[PDB]
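In: have a look at this fold, sequence not included:
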Ligand SMILES: O=C(c1ccc(Cl)cc1)c1c(-c2ccc(O)cc2)sc2ccccc12
Ligand SMILES: O=C(c1ccc(Cl)cc1)c1c(-c2ccc(O)cc2)sc2ccccc12
């Protein structure tokens, strides 16, 4: 049993590494790292609800959009965490690139990210991304509200 | 042996931290090293708000019990890692928010916590969430990214 779990964790780690280092035109094939019904997307949004892309095929189609709106995106400072579940990994990293959203000025986006990767049979079943949307607001020229700090300890 | 022993003890401390509620929050700083750091890494400013030192952490807990008087963490999932001294926690949290100068409200959010250990106690705790939900709980307007040109 431990041999099978050990093997799964070593294999899944290699897929996480591959995912995190995928840049440029290779992003068009990142969806092959997922199960046929795998889900990926952004769990921290302006609205409160995740924006998730469901299915390997739709993930490949979303990649076409991503190469237009995040044309040169890179993940940096990658730290991969194995867990007691051989099929569950977390990643702490940063990310950076141009942001080219419709109807907004071209900007430069930088942020800190946490990723969750859950695996089934050697491929990604669920990827979720967590960040602070305030930095994406700033990259688009959108005003970020401020919590008044006068009454807080300081 | 040395790594295994550390991880089992450290997991107990993470569990204790995440289940500390009510007046026991006033003693939660005793789970940290003398120079331990805790705080919020996802803010409105872009910089962390970190509380530095076990003594300042205990002082901050007094403020926290006033402003989050009934706070609980829920849906707690603790992740050990290949570092026996590094743990991650996925959870939710909820309770009243009583912030200076804002209407009393109810705050609910999803959280990730990072716990790094030194010699049996927490050296660094970091909390990550979506500040837009805290804005909502305070009655602060959340900006909206225009979707019109985005796939839907
Ligand atoms: O970057 C993103 C985003 C969301 C989900 C994914 Cl999978 C990737 C980027 C965001 C939006 C988006 C929605 C639909 C769409 O097809 C493309 C982008 S809307 C919004 C709002 C706030 C923060 C981030 C985003
Ligand atoms: O809840 C918090 C917060 C920040 C740090 C900790 Cl340790 C706990 C709560 C926030 C602020 C705060 C700053 C100083 C202070 O002594 C008390 C609160 S300012 C702000 C801004 C946006 C989101 C959350 C917070």
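Out: Thanks, I have it. Numbering: from 1, shown residues only, chains lettered A, B, ... in the order given. Ligands and ions are numbered 1, 2, ... in the order given.

In: mind naming the longest helix for chain A?
Out: helix A:2-21 (DSSP state H).

In: ok, and what's touching the helix or strand that comes right after that helix?
Out: Using DSSP states H and E, the helix or strand that follows helix A:2-21 towards the C-terminus is strand A:34-42. Strand A:34-42 has contacts (C-beta atoms under 8 Å, 6 or more residues apart in numbering or on different chains) with A:31, A:50-56, A:59, A:120-121, A:123-129, A:131. In this view, the C-beta of every residue, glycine as well, is placed from N, C-alpha and C.

In: if we use 6 Å, what do you get?
Out: A:50-54, A:56, A:59, A:120, A:123-127, A:129 (C-beta atoms under 6 Å, 6 or more residues apart in numbering or on different chains).

In: please tell me how far residue A:52 sits from residue A:9.
Out: Relative to residue A:9, residue A:52 is positioned 25 Å away (C-beta to C-beta, to the nearest Å).

In: please apply the same query to residue A:84.
Out: The value you get for residue A:84 to residue A:9, if C-beta to C-beta is used, is 10 Å.

In: partners of the spatially most central residue of chain A in the sheet?
Out: Centroid check for chain A by C-alpha atoms, centre = their mean gives residue A:129 as the closest residue, at 4.0 Å. For residue A:129, the beta-bridge partners under DSSP bridges are residue A:42, residue A:115.

In: more neighbours: which of residue A:84 and residue A:9?
Out: It is residue A:9, of residue A:84 and residue A:9, that has more neighbours when counted by other C-beta atoms under 10 Å in any protein chain shown, with 19 against 13.

In: how about the more buried one, what does it touch?
Out: Residues counted as contacts of residue A:9 (C-beta under 6 Å, 6+ apart) are A:82, A:86.

In: what do you get for residue A:135?
Out: When contacts are counted by C-beta under 6 Å, 6+ apart, residue A:135 touches residue A:111.

In: what number of residues lie near residue A:61?
Out: With other C-beta under 10 Å as criterion, residue A:61 counts 12.

In: report the secondary structure state of it.
Out: Using DSSP: H, G, I helix; E, B strand; the rest coil, the three-state assignment for residue A:61 comes out as helix.

In: look up how far residue A:67 lies from it.
Out: Remark: distance between residue A:61 and residue A:67 (C-beta to C-beta) = 11 Å.

In: show me which residues of chain A sit near chain B.
Out: A:44, A:46, A:65, A:81-84, A:90, A:102-103, A:114, A:132-134, A:137, A:142, A:144-148, A:151, A:153 (C-beta under 6 Å from any C-beta of the partner chain).

In: got a quick PyMOL command for the buried subset of those residues?
Out: Here is the PyMOL command that selects only those of those that count as buried (16 or more other C-beta atoms under 10 Å in any protein chain shown):
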select buried, chain A and resi 44+46+81+82+83+90+114+132+133+134+137+142+144+145+147
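
In: hmm, back to that, for the longest helix of chain A, buried residues please.
Out: Neighbour-count burial for helix A:2-21 flags A:8, A:9, A:12, A:13, A:15, A:16, A:19, A:20 (criterion: 16+ other C-beta under 10 Å).

In: ok, the residues you listed vs ligand 1, which is closest?
Out: Lowest distance from ligand 1 to those (C-beta to the nearest ligand atom) belongs to residue A:19, with 13.7 Å.

In: and for the closest residue to that closest one other than its chain neighbours, the neighbour number?
Out: Closest residue to residue A:19 apart from its sequence neighbours, by C-beta to C-beta, 6 or more residues apart in numbering or on different chains: residue A:33 at 5.6 Å. The number of residues packed near residue A:33 is 21, by other C-beta under 10 Å.

In: wait, residue A:33 touches residue A:124, no?
Out: Yes - judged on C-beta atoms under 6 Å, residue A:33 makes contact with residue A:124 at a distance of 5.3 Å.

In: quick one: residues contacting the residue nearest to residue A:19.
Out: A:15, A:19, A:124.

In: with residue A:50 instead?
Out: Contacts of residue A:50 by C-beta under 6 Å, 6+ apart are A:41, A:43.

In: please redo it, this time with the cut-off set to 10 Å
Out: Counting by C-beta atoms under 10 Å, 6 or more residues apart in numbering or on different chains, residue A:50 touches A:39, A:41, A:42, A:43, A:44, A:128, A:129, A:130, B:110.

In: alright, I will stop here.
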